[PDB]
Structures are given as C-alpha cells and as structure tokens.
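> output the structure for:
(2 chains)
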Amino acid sequence: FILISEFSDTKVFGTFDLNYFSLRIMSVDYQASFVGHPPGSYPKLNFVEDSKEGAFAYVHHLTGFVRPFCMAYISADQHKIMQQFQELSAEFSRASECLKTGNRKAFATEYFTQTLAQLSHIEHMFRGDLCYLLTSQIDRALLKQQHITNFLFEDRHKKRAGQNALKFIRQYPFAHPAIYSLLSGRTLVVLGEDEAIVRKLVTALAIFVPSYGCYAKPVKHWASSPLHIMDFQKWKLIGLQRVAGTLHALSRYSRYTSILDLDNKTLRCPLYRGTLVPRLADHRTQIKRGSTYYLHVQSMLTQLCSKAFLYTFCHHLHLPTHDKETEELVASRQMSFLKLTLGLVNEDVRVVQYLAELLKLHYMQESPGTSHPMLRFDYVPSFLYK
Amino acid sequence: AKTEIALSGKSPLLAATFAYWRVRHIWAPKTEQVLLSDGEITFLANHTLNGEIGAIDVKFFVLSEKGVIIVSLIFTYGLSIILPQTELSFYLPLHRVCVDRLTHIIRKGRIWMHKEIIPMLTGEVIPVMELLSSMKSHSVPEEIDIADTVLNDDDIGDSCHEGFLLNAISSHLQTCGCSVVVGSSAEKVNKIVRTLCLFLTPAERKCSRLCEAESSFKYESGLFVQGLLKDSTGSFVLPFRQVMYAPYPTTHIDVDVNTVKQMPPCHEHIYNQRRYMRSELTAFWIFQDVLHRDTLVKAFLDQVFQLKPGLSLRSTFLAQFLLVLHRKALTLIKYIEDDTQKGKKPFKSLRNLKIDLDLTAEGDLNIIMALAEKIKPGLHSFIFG
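Numbering: from 1, shown residues only, chains lettered A, B, ... in the order given. The relevant structure is shown in the block below.
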C-alpha cells in the first residue's frame, strides 16, 4: 500500500509500482519542495512528520550543476520509520555509495540499475509492517542465542505447508497416532497412487519430522522401490505408489513402518493414548488461515525441543549415582523424571525419549544417519486401524 | 542571555534552546573545553526552525559536518536538544522518554504562555538534562552476563524466596515489562534489576537504569526497570502523578519485605491516564496486589535449577523460553489479526483463543498478552475496554 519515490524540486520517478492506480492518489508535489533544503543543508539526513507520515530523507549531493537531489521514503505510521532509523540509515548511506562512488568517477548511468535493484531490495525487505520486523529481529537474535536445538525444526511455501497440515488434521481421523509415529521415529510410509495427493500430504506432514542434523530434511518425495531397510534408514517418511502385491511384501517390515493407505483409509502403527499430540493437533480447531497454525505448531515444537534439551543435559539423570549401575534404578529414575517434572504420559515419554537421542547425536559428532546410522526401533505391536 | 549548570556525572549534551518566530534562552552545561561556541547553536537552530511555514510535531536531525544530532519539537516556538554525533545508538532507546518528557513541558508552558517563559522552564529542562546525565553513567550493558543474577544460585529458594522469585518474574512479565525494584542497599537491588532484565530485548535494556549508591536519582516515567534505593529514614517517593504518565503499568517489587505489588492492566492505565491528564488540563482552562499466578513461569523456574550453573546451559534454555514466549505472542497477534478482519469487527473471541492457544490460565494469558501489546500497541483497548 505504501509508496516510495524520489525528490528533485519535483518528482523524478516512482519506484514502488511505477505510477499505479487509486492506491496512489496524493501528489508527490505535496511531498516535493517540503523535503528538500529550506535551511539549505556534508551528508545531511533528517526525519520529519508532516501530518501520511514523513520518513527518511537522506540528502545527497552530486558535485556538475544539478546539486539538489535527495531520496525519500514514505509509509503509513510514525514509529515504523522512527523506530527503525538504525536500519534505514545504514542501508541508504550504503546504497547511495553506488551512486556516490559511482557517478563520482565521471567528471574527471552505468550503476543506474544497481540503485533501481538495491532500492527495490530495500522496499522488499521493509515491505511488511512494524510488528513483523520487530518479531523477526527478536526471533533472529534468539535463534542466534540457542544453537543446539535449532536443527530439529529450523527448516512463502510454509503457508501452503501448514494450511495443508490443518486440512490434514481436521479432515482425517486417527491422525494423532500418525503424527505420533512422525514425532517418535517410526517411518510413515505414505502409500497410494495419484502422485500429487501423496506429494501434498508429504509436504504437509514434513513439518513434524525432527531432521538429523544441519542438513536439509530426511523426507523423500514419491519413491518407487521395494523399500528394503536402507531407505528406512535414510528417510523417515516415504511416498510409495500403488500398482494395479506391495502391501503383502511391505508388511514383512512391520517393525519399522506406519503404512498409511490413501485408497483404503487405513493405517498400521502402535496405540497412541497420550496428551501431547492432541495439543499439537486438536481434532476441532477454531484457527483460521493455517499460516497462523504453522506459527502455533512451530511455537509448540520449540517447547518440545526445550523439554528434550532439558532431559538430555541433566547430569543427575544420565550419570549413574551409584558404584555399580542398575538399569532398574536409572530407568526408573529417568521415567520418574519424564512423568513428574516434564508431565508426559505413556507415549510422549517415547517421543522425548527419541528427540533427546537425536540431540545427543547432533552434539556429539554432528552425524546421525550419515556415518552413524542408528535406526532405533521397538517391539510394540502395531494395530490395523479402520 | 544564558545560564550554566555544573553537575557531577559529566554531560552528554551541549545546550538547550527555545525559539521565537533565534534563541530566547540557552540552557547549557558547564562542560570544560566545549567543542563549539554559541553562534553555531543559534544559527543552527535557525536552520532547524524555519523550514515549514493542534498537536506538537517532532523533528530529528543528524549533522555529520560539525558532528551533532538534533532532536526538536515545534509548537512559531520550539524546544531543541543538542547532542553530538559521537553517539546515535545511545539516544535511540531514549526517544519515547525525551519526546513525551518535553511534550508535557510544551503543554504546561503552552497554557502558561496562553495566560499571557524562561524561569518557568528552568525547572522543566533541569530534569531531562539529569536523565541523560544518568543514562550515560549507569544504565545497563547490553551483554547481561547471567553470572551476576539470581540464576546460578543452585537452588531456587527455601520457603519464601521461591514464591517471591515466581511472583517477581511473573508479575514483571504480566505488567508489559516495566518495573521498579526498591531496597535499602545496592547489591541486592542490582541483582534483582539484572535478574529482572534477563527477560528483555537489548533495545529495551538500554532504557532501563541500574542503582546508585551515593547521589540522588528520581523516578522516571519512561524507564523500563529502575533501581532507585530508599532513604536513610526507610522510605521513598513514588508520585501518583507521573506513574500514570508512564506508557505501561508498573510492578512495585520490594526486596527486604519480599512483597510484590502490581497496577491495573494497561487498558485501564491508558484510560485512567486520559482521565488524569484531561482532568489536570482542565485546571485553569493505588498498587493493587497480584491477581493470580501462571503456569509457564512456574514450570520454567521449576525445571531450570536442575541444569548446571556455569556451563552455558541456563542461558540456552532461557533463550528457548523467551523464544516460545515471543512466538506465542506473534501467533496471538496473528490469531486476533485474522479473527476479525484486522480490526473491522469487535473481538468477542477470548474463550476459543484461550483453549486453542494453550492459555486457559488468565495469569499466563497476561504474559503473552503483555508482550503482544508491547510489540503491537492497542490490543487491550480492543479486547478488554
């Protein structure tokens, strides 16, 4: 909605949308001759109000006879531009140096598109709002602060991901144990034909996967192969297709799968009766525009990774406080930790029991599944849901 | 036609001038070997004055030629602030205390000239010089090393220090971040001001001020966390006037008695601020205690003191907690922002917001709601008032 243009004692050219429709009504000549030098103005730069709101008004010189030329901003409100003076000063005092240490060469238009691309990068990076830039500064500094737990869920296609995650969850029954299988370490082998449905289900459910390290994802998009245990090692959700068989030969690997069938509306995974996955994913949710839902899930998984950080780095749990260690004592003491303090119930202890192991493998050597392919599993019987 | 003042804790400023249509009076410190004379300040005030040809507008100017940075408000008349180009990041947090601190000077002096002025503005300029003299001397560092705080103490507290440590951080984060800690010594109030300043952004750190052992500071209505100590008699002064003039309410956290007092929420604070400002401009035309506790700060303070102190774990987990606080704030902003059509319809949607966003406790709603107000102003009036 906001505008950006030039000055001199009149308009030179618009840059935001190049003299667009009724979004731009007010004249630039109202802004012109009032943002120049009525004191007379070496690198002057100032900030007024002029109640739209007056904005950053870096005054520049060309010495050549055409000396008055300042470039000016404008936006909606006051504190967006006053509060962000530090990041509007040092991005126009350096973008002008293409023009300053540009056209200072030719007196003793080559860098014109440089200014008309850098300036578009300035309006594109300051396009959003005042709240969004403050939240992105705070999230930037805090993600600079923590450095271990960021890889687990650090990853606008996230809107299309989270919106299809919400359209997954409130429009598919028994998805609590599927998302439990994703968060627990059980390879969700998504099986079914009609490729694009499976791909959108894969990129929707890709948010919940705790990736191994500081590389991209363990997700696999639409593999077509018998899937012996080497694809179950390197990929934690797989997008197989039906051929009109594979369901019978795939059930031989029933210890490492959760076979979600699209053309049959069944799956095969253990029983989930816990409370963490229903608060990550409630059945009915009055949350609209699922990018908000992706912010909710990212906020919740940050707290989950904080619980896994806590369970990993407590000294009095993992170090045995005895001469000879007894796994009844340390297993019951770990279990007493995840029941009492963390407040987890009967499968969430398995979830945090897994994410802590990924966190150990990242901190110790920065290589799980590449040079240490662990693939921990369990003998819990999977039930055929219908 | 100028006066000179000399104060310990050397000045950051250069002068303070008033406009007529040039100078009428100059308030200057007694900084020995001043870098510049008076005529550049007078003629430079003539630069920043006559360039426009009701409310009170603000002007901000940075001169990289002589090396000054000018802040001024113009109402014909104009008050200006002269401070060098040696610092710019020093002033920029103090903008919202300097602007309103000079704006009420402009209101009362504007009515006082409307009844018809230098001696009625000596006592108005003389605090805001001492504020900037205080901020350079003590305020904070940005790097809060957490080795100096209540964290690392290996134990949260025996009987009452756990409840006071829960209510202090809890009531702090419920009251939009603004606090006042008062005491009779310096080391304890410094420990509570650093401990309580872990939970802020480094921009909001630079507003807040530490304690002072020797001289006399006062309350200010713009600092986030203040460490002003009590008198030798065992008392202090929190004036009812200027506490209302602060943009946010305030916790009166009191060490040595371990009580925690609060103020009403910020919609009633802005509303009663409008009541008291209007009803004090028509002349010649209260700490209500903590409502209820929370769950996130109880969980956090429960499970932090099991990690080790000196191994950089508590700061990591603390940054994770501030990360989930700010992300819950941003998804609360998004959920209000799309519940209505970004401020078209009235809100009417608190209950589903409380059950969906894991915020069924109101005392834990107030923290996320307070941060959401702090980086999106105008929510509490939209949903509560």
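
> where do the helices of chain B begin and end?
Applying DSSP state H to chain B gives helices spanning B:39-49, B:95-114, B:119-138, B:161-174, B:187-196, B:202-207, B:240-244, B:266-281, B:296-304, B:314-339, B:350-356, B:362-374, B:379-383.

> in the last one, what's buried?
The neighbour-count criterion (16 or more other CB atoms under 10 Å in any protein chain shown) identifies B:379-380, B:383 as the buried residues of helix B:379-383. All C-beta spots, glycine's among them, are computed from the backbone N, C-alpha and C.

> which of those residues sits closest to chain A?
Nearest to chain A out of these is residue B:379 (CB to the nearest CB; 10.7 Å).

> would you mind listing what in the stretch 151-300 of chain A touches chain B?
By the criterion of CB under 8 Å from any CB of the partner chain, the positions of the stretch 151-300 of chain A lying close to chain B are A:279, A:282, A:285-289, A:291-292, A:295-296, A:298-300.

> from those, list the buried ones, please.
Listed as buried from these are A:285, A:287, A:289, A:291-292, A:295-296, A:298-300; burial here means 16+ other CB under 10 Å.

> biggest separation within those, which pair?
Distance extremes for those: the farthest pair is A:289 and A:300 at 17.6 Å, using CB to CB.

> nearest residue to residue B:154 other than its sequence neighbours?
residue B:309 (6.4 Å; CB to CB, 6 or more residues apart in numbering or on different chains).

> so how far is chain A from that neighbour?
11 Å (CB to the nearest CB, to the nearest Å).

> tell me who's in contact with that residue.
Residues counted as contacts of residue B:309 (CB atoms under 8 Å, 6 or more residues apart in numbering or on different chains) are B:151-154.

> make TSV out of the residues you listed and add neighbour count.
Shown next, in TSV, are the contacts of residue B:309 (neighbours: other CB atoms under 10 Å in any protein chain shown):
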residue	neighbour count
B:151	21
B:152	13
B:153	14
B:154	8
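
> looking at those, which one is closest to chain A?
Distance to chain A, by CB to the nearest CB, is smallest for residue B:154 among these, at 12.5 Å.

> correct me if wrong: that closest one contacts residue B:305.
Yes: proximity of residue B:154 to residue B:305 meets the contact threshold set by CB atoms under 8 Å, at 7.1 Å.

> what about residue 352, how many residues nearby?
If you meant another chain, say so; for now it's chain A. Counted by other CB atoms under 10 Å in any protein chain shown, the residues lying close to residue A:352 total 24.

> I was after chain B.
Residue B:352: 13 surrounding residues under other CB under 10 Å.

> and it, what does it touch?
residue A:286.

> what parts of the stretch 101-250 of chain B come near chain A?
Close to chain A, as judged by CB under 8 Å from any CB, the stretch 101-250 of chain B has residues B:201-202.

> closest one to residue B:273 out of the contacts of residue B:309, please.
Lowest distance from residue B:273 to the contacts of residue B:309 (CB to CB) belongs to residue B:151, with 34.7 Å.

> which ones are touching the residue lying closest to the closest one once chain neighbours are set aside?
Counting by CB to CB, 6+ apart, residue B:151 lies nearest to residue B:314, which is 5.5 Å off, once chain neighbours are set aside. Residues counted as contacts of residue B:314 (CB under 8 Å, 6+ apart) are B:146, B:151-152, B:304, B:307-308.

> what about residue B:314, distance to chain A?
Residue B:314 is 10 Å from chain A, by CB to the nearest CB.

> just confirm residue A:81 is within a helix.
Yes: assessed with DSSP: H, G, I helix; E, B strand; the rest coil, residue A:81 lies in a helix.

> list the contacts of it.
By CB under 8 Å, 6+ apart, residue A:81 lies in contact with A:47, A:53, A:55-56, A:73, A:75, A:88.

> same question, residue B:360
Going by CB under 8 Å, 6+ apart, residue B:360 touches residue B:354.

> tell me the phi and psi of it?
Torsion angles at residue B:360 (phi, psi; degrees, to the nearest 10) stand at phi -70, psi -30.

> in chain A, which strand is the longest?
Ranked by residue count and defined by DSSP state E, the top strand of chain A is strand A:69-75.

> distance to residue B:362, secondary structure and neighbour count added to the contacts of residue A:81, as a markdown table?
Output for the contacts of residue A:81, formatted as a markdown table (distance: CB to CB, whole Å; DSSP: H, G, I helix; E, B strand; the rest coil; neighbours: other CB atoms under 10 Å in any protein chain shown):
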| residue | distance to residue B:362 | secondary structure | neighbour count |
| --- | --- | --- | --- |
| A:47 | 41 | strand | 22 |
| A:53 | 36 | strand | 18 |
| A:55 | 40 | coil | 23 |
| A:56 | 42 | strand | 21 |
| A:73 | 41 | strand | 22 |
| A:75 | 36 | strand | 21 |
| A:88 | 39 | helix | 21 |
